[PDB]
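Encoded as structure tokens, the structure appears first; notes follow it.
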Amino acid sequence: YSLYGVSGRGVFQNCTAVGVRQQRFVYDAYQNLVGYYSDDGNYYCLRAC
Amino acid sequence: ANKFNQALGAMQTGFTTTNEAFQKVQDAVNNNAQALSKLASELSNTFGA
């Protein structure tokens, strides 16, 4: 993928359902994003390589 | 025999949490799991300038 200001390499899946949903990432306690948003409008949660 | 089996019975029931040895066991699994995964999470994302 290559999203807005963020790079990265991930395996998107239609996951559920944890986030903010108004701004459009979700991190897990580090710099990484685990990982949905951005698609319109679902939950494409990402993973590491 | 019933006192031996009673002793082993309380040895069955009591693991968590106030019965270290067992907290030593999870100090070990949390030790090497902490070192591995958590130190490797400090090593990457992020360190540098």
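Lettering and numbering for the structure tokens are positional, with chains as A, B, ... in the shown order, residues counted from 1 in each chain, and ligands counted from 1 in the shown order.
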- Residues of chain B no more than 9 Å from chain A, counting only C-alpha atoms: send them over as a VMD selection string. chain B and resid 41 45 to 46
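CA of residue 35 (chain B) to CA of residue 7 (chain A) spans 28.0 Å [interatomic distance, one decimal].
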If we count only C-alpha atoms, what is near residue 44 (chain A) at a cut-off of 6 Å, once residues fewer than 4 positions away on the same chain are taken out, given as a PDB file with C-alpha atoms, in the first residue's frame?
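Resulting contents of result-v3.pdb:
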ATOM      1  CA  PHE A  12      -5.137  -5.889   4.094  1.00  0.00           C
ATOM      2  CA  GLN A  13      -8.061  -7.969   5.296  1.00  0.00           C
ATOM      3  CA  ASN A  14     -11.677  -7.100   6.011  1.00  0.00           C
ATOM      4  CA  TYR A  36      -7.352  -0.322   8.671  1.00  0.00           C
TER       5      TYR A  36
END
